[PDB]
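This report concerns only the one structure given below.
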Amino acid sequence: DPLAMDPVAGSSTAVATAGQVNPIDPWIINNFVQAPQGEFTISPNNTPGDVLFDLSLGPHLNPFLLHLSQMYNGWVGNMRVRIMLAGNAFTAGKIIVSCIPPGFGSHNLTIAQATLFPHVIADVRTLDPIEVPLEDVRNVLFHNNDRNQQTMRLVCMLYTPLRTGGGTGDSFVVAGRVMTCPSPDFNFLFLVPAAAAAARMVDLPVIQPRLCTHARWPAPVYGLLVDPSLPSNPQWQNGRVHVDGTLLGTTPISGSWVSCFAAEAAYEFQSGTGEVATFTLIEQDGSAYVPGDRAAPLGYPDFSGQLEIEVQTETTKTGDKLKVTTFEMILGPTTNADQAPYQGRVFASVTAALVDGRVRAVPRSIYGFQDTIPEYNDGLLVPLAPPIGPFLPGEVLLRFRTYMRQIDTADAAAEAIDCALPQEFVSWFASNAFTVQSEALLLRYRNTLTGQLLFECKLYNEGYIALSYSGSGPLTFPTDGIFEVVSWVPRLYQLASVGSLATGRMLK
Amino acid sequence: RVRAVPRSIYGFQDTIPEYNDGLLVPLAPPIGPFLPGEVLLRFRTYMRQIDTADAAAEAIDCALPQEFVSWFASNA
């Protein structure tokens, strides 16, 4: 039957107020084309009341009109919608298409209430299309290019439950299509050169944590956790970057650089018993190191304890003869007391407890690890990326974790070391140099295989991730494991925390 | 009738005294709240603390200088 509505006027309203009244090509006027929001699906997974689609009047409902939209700044007029359903003889059901006037707002409507608006109902079996006029109910003379305007909408809902019979293959869905064309009342308004204007955003790579490279110790990432009893605001110098691409601290691009160094090596004689190698540091790509605006050469260790390093002749060409020695070097402050990576000079000793000229040192194990920064400049202030933070109340740092070999001395055992982003995300942000638009990004961590959402989190623009968690209590997450953006997100955005995954509930 | 002015402090602790011997008393509320990551800006001066073989400066803080106290009470 016809809609319970009176015909709405077109251009006649905005004549004495718009600067121009611009007509459209009559060939568009009645050619039914697939709307940009031209698809939907109904499946037994849907429940009566589910909104299959929600359209709002505007030139954005027709591809042609849309193209013209980029040329004018206003519009007025009525459109015409046509809906199609590709059902079976096995698909029983009914859909409701209702016109919701502007000003009504948003509410949860029961299928019964959906009927109270001018509507059209159709059985999912129909071979023929359904037609519904989308009138331009106006409170104002006309419309401007603004999707913040409240225009009349078309809401399609499942009126009755979809009930497939026969050999019920739940992989069966009814395909729906929406098509439109403008009623001859339609008119664009002011001619504006506005022909082109877009933007961009930030995305993350779909790499699971357990496929990633760790940014502070050169090993795969093995763990993904939060742990309120660890230091909340660590002062990590590696694995630091901002979402905008700004690298901080000693953060290298390559994960092969992480916790490694290069030097010219020699054996001076202060004590005079040549067991101590003196390393004059160079950058690991063989270029000269100059004390600058970071604490040490790129990737130089940003923690303490006693590091066992293996030092080999630098490889320049095939046939370069190689010497390889092991040393222990002390990373922390102690004590009367030499070592200033920042100035370019560190000492290790031949775990006497061979090699010289130019060498490369890689980490072999740690002894007495402590995750605090070494004394980089022998007492003097030094340039440092800032402590990670702040966090809202109840927010804690998301940790990517790997294990160092710690030695002993009658016993080597795994020791945990954490970082704020995997090296792939370090490289990703340094490379994209995204434009940042607000203070943090809302991310979901999801299992893309199973579909399961594990949690939500905040990626602050300064390059660290927060979760809300009250426990006390390291909490560990599956590492397989993809992150997705979001939103932007103000900094006081409240994240969701959690529940006892048990759902059941009783009528009571 | 006398006037008493402070000369030094011994065992300072910046917690309020017991003004009403156990009973509830009228009090300005604790300073706050603060957003997460926000902390109080402190105006600081030093009391002479005594000892007893050793007087040494001791820090004591307040939320606004007295001139700003007077300024707001006056401007309303």
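Naming works like this for the structure tokens: A, B, ... for the chains as they're shown, residue 1 at the start of each chain, ligands 1 onward in shown order.
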
- Message: At a cut-off of 9 Å, which residues of chain B touch chain A? Count only C-alpha atoms and give the answer as a list in words.
- Response: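 Matching residues, ligands excluded from the count: residues 35, 36 and 37 of chain B.
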
Can you list, as a PDB file with N, CA and C atoms, in the first residue's frame, every residue of chain B that DSSP puts in helix (DSSP H, G or I)?
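selection.pdb written:
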```
ATOM      1  N   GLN B  66      50.360  33.471  50.800  1.00  0.00           N
ATOM      2  CA  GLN B  66      49.393  34.282  51.516  1.00  0.00           C
ATOM      3  C   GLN B  66      48.927  35.443  50.592  1.00  0.00           C
ATOM      4  N   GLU B  67      49.795  36.029  49.778  1.00  0.00           N
ATOM      5  CA  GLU B  67      49.269  37.137  48.933  1.00  0.00           C
ATOM      6  C   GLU B  67      48.122  36.706  48.042  1.00  0.00           C
ATOM      7  N   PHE B  68      48.188  35.488  47.533  1.00  0.00           N
ATOM      8  CA  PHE B  68      47.078  34.957  46.713  1.00  0.00           C
ATOM      9  C   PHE B  68      45.862  34.634  47.617  1.00  0.00           C
ATOM     10  N   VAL B  69      46.104  34.239  48.850  1.00  0.00           N
ATOM     11  CA  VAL B  69      44.994  34.032  49.827  1.00  0.00           C
ATOM     12  C   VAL B  69      44.166  35.327  50.018  1.00  0.00           C
ATOM     13  N   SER B  70      44.899  36.420  50.192  1.00  0.00           N
ATOM     14  CA  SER B  70      44.328  37.699  50.476  1.00  0.00           C
ATOM     15  C   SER B  70      43.665  38.219  49.218  1.00  0.00           C
ATOM     16  N   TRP B  71      44.340  37.971  48.101  1.00  0.00           N
ATOM     17  CA  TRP B  71      43.836  38.416  46.804  1.00  0.00           C
ATOM     18  C   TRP B  71      42.448  37.843  46.454  1.00  0.00           C
ATOM     19  N   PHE B  72      42.322  36.529  46.593  1.00  0.00           N
ATOM     20  CA  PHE B  72      41.034  35.952  46.340  1.00  0.00           C
ATOM     21  C   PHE B  72      40.014  36.373  47.397  1.00  0.00           C
ATOM     22  N   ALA B  73      40.385  36.390  48.689  1.00  0.00           N
ATOM     23  CA  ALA B  73      39.336  36.748  49.713  1.00  0.00           C
ATOM     24  C   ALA B  73      38.853  38.153  49.380  1.00  0.00           C
ATOM     25  N   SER B  74      39.750  39.034  48.905  1.00  0.00           N
ATOM     26  CA  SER B  74      39.367  40.412  48.618  1.00  0.00           C
ATOM     27  C   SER B  74      38.551  40.593  47.311  1.00  0.00           C
ATOM     28  N   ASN B  75      38.917  39.900  46.251  1.00  0.00           N
ATOM     29  CA  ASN B  75      38.211  40.096  45.018  1.00  0.00           C
ATOM     30  C   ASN B  75      36.857  39.441  44.960  1.00  0.00           C
TER      31      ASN B  75
END
```

- Task: Record the distance separating CA of residue 381 (chain A) and CA of residue 268 (chain A), expressed in Å with one decimal.
- Result: 27.4 Å

Exercise: residue 59 (chain B) partners within 8 Å, only C-alpha atoms, chain neighbours under 2 positions left out, as an mmCIF file with C-alpha atoms, in the first residue's frame:
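Final output, saved to selection04.cif:
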```cif
data_model
loop_
_atom_site.group_PDB
_atom_site.id
_atom_site.type_symbol
_atom_site.label_atom_id
_atom_site.label_comp_id
_atom_site.auth_asym_id
_atom_site.auth_seq_id
_atom_site.Cartn_x
_atom_site.Cartn_y
_atom_site.Cartn_z
ATOM 1 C CA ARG B 44 57.622 25.849 50.167
ATOM 2 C CA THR B 45 59.440 27.445 53.089
ATOM 3 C CA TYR B 46 61.724 26.092 55.883
ATOM 4 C CA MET B 47 61.156 25.834 59.671
ATOM 5 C CA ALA B 57 66.015 23.436 57.919
ATOM 6 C CA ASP B 61 54.451 23.385 52.040
#
```

- Task: Skip residue 34 (chain A) itself and residues of its chain fewer than 3 positions away, then list as JSON, numbers by chain all residues within 6 Å of it, counting only C-alpha atoms.
- Result: {"A": [38, 178, 179]}

Generate the output file for the selected residues, N, CA and C atoms, as a PDB file, in the first residue's frame.
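Produced file selection-v3.pdb, reproduced below:
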```
ATOM      1  N   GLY A  38      24.604  -0.142  -0.501  1.00  0.00           N
ATOM      2  CA  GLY A  38      23.686  -1.040  -1.185  1.00  0.00           C
ATOM      3  C   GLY A  38      23.617  -2.502  -0.849  1.00  0.00           C
ATOM      4  N   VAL A 178      20.069  -2.610  -1.919  1.00  0.00           N
ATOM      5  CA  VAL A 178      19.321  -1.373  -1.868  1.00  0.00           C
ATOM      6  C   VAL A 178      19.715  -0.504  -3.049  1.00  0.00           C
ATOM      7  N   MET A 179      18.715   0.065  -3.708  1.00  0.00           N
ATOM      8  CA  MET A 179      18.947   0.899  -4.867  1.00  0.00           C
ATOM      9  C   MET A 179      18.113   2.147  -4.779  1.00  0.00           C
TER      10      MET A 179
END
```

- Task: List every residue of region 117-215 of chain A that DSSP, applied to the backbone, labels as strand (DSSP E), and write the result as a PyMOL selection string.
- Result: chain A and resi 119-123+130-134+143-144+153-158+163-164+174-182+187-188

- Note on the structure: Correct to one decimal, the distance CA of residue 402 (chain A)-CA of residue 258 (chain A) is 12.9 Å

- All residues 12 Å or closer to residue 56 (chain B), only C-alpha atoms, same chain fewer than 4 positions away omitted, as number ranges by chain: B: 8-11, 46-52

Contacts of residue 100 (chain A) within 7 Å, only C-alpha atoms, excl. fewer than 3 positions in-chain, as a short mmCIF file (atom, residue, chain, number, x, y, z; two decimals) with N, CA and C atoms, in the first residue's frame:
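selection.cif was written with the following content:
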```cif
data_model
loop_
_atom_site.label_atom_id
_atom_site.label_comp_id
_atom_site.auth_asym_id
_atom_site.auth_seq_id
_atom_site.Cartn_x
_atom_site.Cartn_y
_atom_site.Cartn_z
N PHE A 117 5.37 3.54 12.26
CA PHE A 117 5.86 4.56 11.34
C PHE A 117 5.38 4.17 9.96
N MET A 152 15.46 12.60 7.14
CA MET A 152 14.63 11.43 7.31
C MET A 152 15.42 10.16 7.04
N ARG A 153 15.14 9.12 7.81
CA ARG A 153 15.86 7.86 7.66
C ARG A 153 14.98 6.67 7.32
N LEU A 154 15.61 5.62 6.81
CA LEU A 154 14.93 4.39 6.44
C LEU A 154 15.60 3.29 7.21
#
```

- Within 12 Å of residue 287 (chain A), counting only C-alpha atoms, which residues show up once you throw out same-chain ones fewer than 2 positions away? Write them as a PyMOL selection string, please. chain A and resi 261-264+281-285+289-290+297-298+358

- Message: What's the separation between CA of residue 445 (chain A) and CA of residue 481 (chain A), in Å to one decimal place?
- Response: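 Computing the Euclidean distance for CA of residue 445 (chain A) and CA of residue 481 (chain A) yields 6.3 Å.
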
Contacts of region 74-94 of chain A with region 166-176 of chain A up to 9 Å, shortest pair per row, only C-alpha atoms, as CSV:
```
residue,atom,partner,partner_atom,distance
A:83,CA,A:176,CA,7.2
A:84,CA,A:176,CA,5.6
A:85,CA,A:176,CA,4.8
A:86,CA,A:175,CA,5.3
A:87,CA,A:174,CA,5.3
A:88,CA,A:174,CA,8.0
A:90,CA,A:166,CA,6.8
A:91,CA,A:174,CA,8.1
```

Selection from above, C-alpha atoms, as an mmCIF file, in the first residue's frame, can you write it?
```
data_model
loop_
_atom_site.group_PDB
_atom_site.id
_atom_site.type_symbol
_atom_site.label_atom_id
_atom_site.label_comp_id
_atom_site.auth_asym_id
_atom_site.auth_seq_id
_atom_site.Cartn_x
_atom_site.Cartn_y
_atom_site.Cartn_z
ATOM 1 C CA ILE A 83 14.959 -3.133 -2.081
ATOM 2 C CA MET A 84 15.633 -6.657 -3.300
ATOM 3 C CA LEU A 85 15.902 -9.987 -1.559
ATOM 4 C CA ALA A 86 17.491 -13.106 -3.005
ATOM 5 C CA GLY A 87 15.680 -15.707 -0.958
ATOM 6 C CA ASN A 88 14.757 -19.367 -1.371
ATOM 7 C CA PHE A 90 13.221 -22.540 2.263
ATOM 8 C CA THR A 91 13.524 -19.081 3.685
#
```
